[PDB]
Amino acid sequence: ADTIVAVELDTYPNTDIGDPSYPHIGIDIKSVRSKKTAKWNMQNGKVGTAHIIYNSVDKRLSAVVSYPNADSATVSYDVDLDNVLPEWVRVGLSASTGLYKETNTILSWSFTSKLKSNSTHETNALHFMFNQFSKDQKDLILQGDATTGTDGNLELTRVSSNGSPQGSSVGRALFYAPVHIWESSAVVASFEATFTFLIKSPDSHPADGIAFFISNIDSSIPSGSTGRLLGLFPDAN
């Protein structure tokens, strides 16, 4: 089927599908039910930063979410991606609303992946950084209700003309070029992503969150994945 490894910034607690009783950050390996979560002091109307790192030596995936003058929430998970993901992938950002709403605005996004093979510091590396999004972002595969150009930001889910979030929305943003995430003969494979966001809610119930994800090249928004499924999962298995 569709393979998904993601780091979710889950703003709405769905105690029923395993979500902790509070807003959290988690590492989802093929399931909306995180393999590890951590309490995240979500701050409405603030600009946050998420950094995700992984290297094939420690075989550990970690994320750090922070706001200026707010302690960071950290979550790590031991996982060897050499066997949960295919050699070639695509990386993206996802977000969704459902019953409750919030803006899922991405202000910037960078990414680097490196494959140090056989010898020296000769590598295969891909790197991109967006500090501003063009209204005609030709290097981003936009999916669902995700758009760009609104002040140079990337809006992952439907927002109003006057400036107010719409619920029941789903939108992804995948980088155009496939990424060679791992390889048989690589001594060290590593990657690191960083992006800033602004999650603001009109009502006091913000929902449902942003997600950095690594999927197969051909991935598309799963059927009926709005609200709690973050635009990444078909069911809540």
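All residue numbers are counted from 1 along the displayed sequence.
Higher mean CA temperature factor between 125-133 and 67-75: 67-75, per the PDB entry. In this entry, 226-234 has the higher mean Cα B-factor, the comparison being between 226-234 and 3-11.
For the set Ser110, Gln143, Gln166, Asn153, the PDB entry assigns the largest Cα B-factor to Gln166. Across the options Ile106, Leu115, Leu85, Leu99, the residue with the most elevated CA B-factor in the record is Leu99. Ranked within its chain, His205 lands in the highest third, by CA B factor from the PDB record. For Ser184, the recorded CA temperature factor ranks within the highest third of the chain's modelled residues. When the modelled residues of the chain are ordered by their C-alpha B factor, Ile25 lands in the middle third. Split the chain's modelled residues into thirds by C-alpha temperature factor. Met42 is in the highest one. Sorting the modelled residues of the chain by their CA temperature factor places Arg158 in the highest third.
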